[PDB]
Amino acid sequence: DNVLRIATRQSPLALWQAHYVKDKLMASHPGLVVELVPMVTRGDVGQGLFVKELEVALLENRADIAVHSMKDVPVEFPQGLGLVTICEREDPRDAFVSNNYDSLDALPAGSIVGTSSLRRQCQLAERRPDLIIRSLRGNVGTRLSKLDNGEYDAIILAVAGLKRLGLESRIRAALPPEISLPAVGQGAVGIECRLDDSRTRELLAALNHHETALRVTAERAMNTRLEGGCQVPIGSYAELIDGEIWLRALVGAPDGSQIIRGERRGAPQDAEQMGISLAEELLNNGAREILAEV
């Protein structure tokens, strides 16, 4: 056949990811014809907001692969499909963006921060209960627009997003993982395809970044047991510290009153199980009730 079709969302960032992948494929395979098949998603207008339609495209042979930001990828996959490649992770941190202010601790009480992330919301409320967390929706550019239009005093966004769009000057301060634990796989893009499609699987191999896969498998094992998605206040971030996966996670109330934290450290080979163990520790420590709450 020699043709690989790529299903992707049609926002500026989504298209950046499609081209990123397309280039790495052409690099390793000079004579491969890569076709982009952009499409809209429910979230742009199961929990398949930004993914369902790409999965339908994969199941109908309308595309061969689907490109997503790892944090948008669902934990459940329909019969036949699955995540097969995890690319090199970019900066996984959240970032404080603002025009008139230089930092979070410099915002006066009452300042309006924008984010619809319950994960980001719970952590800020825990430290700065005097701040107003206002919901924000839309592509990066629309979010930046609203901030410039004075609708919010500041907004929180992923560092990986702004950097890739050449808007890294908007990053007023990259928040440390300790102060804002990243969402699962933030900073990494994942490729989904038909498990039986060996042809596509082999062509995709060269794009897999082993270390990043290790980190994200652990983070996702944690989330999968917790059966969460973007709509739940869950933090999950792993690092490769001296040949060992150091996994951290949290589940907190939107108001920031109760936040359940936990950590685990072990050999790379036990990434999935350590994530599963950590998740259960959180469940028994009250996460179950907090999650049932939301």
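The numbering used is simple: start at 1 and walk along the sequence shown.
Counting the unmodelled positions of the deposited sequence between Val45 and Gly46 gives a long gap of 10 or more residues. Stretch comparison (79-87 versus 217-225) by mean CA B-factor in the PDB entry places 79-87 on top. The stretch 141-149 shows the higher mean C-alpha B-factor when 180-188 is compared against 141-149 in the entry. In the PDB entry, the Cα temperature factor peaks, among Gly256, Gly235, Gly262, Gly266, at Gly256. Residue set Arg62, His29, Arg248, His68: peak C-alpha B-factor at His29 (per PDB entry). Sort the chain's modelled residues by C-alpha temperature factor and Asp94 lands in the lowest third, per the entry. Residue-level temperature factors show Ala7 in the lowest third of its chain, judged at the C-alpha atom. Among the modelled residues of its chain, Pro108 has a C-alpha B-factor that falls in the highest third, as given in the PDB entry. Split the chain's modelled residues into thirds by C-alpha temperature factor. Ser117 is in the middle one. The entry lists a Cα temperature factor for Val73 that places it in the lowest third of the chain's modelled residues.
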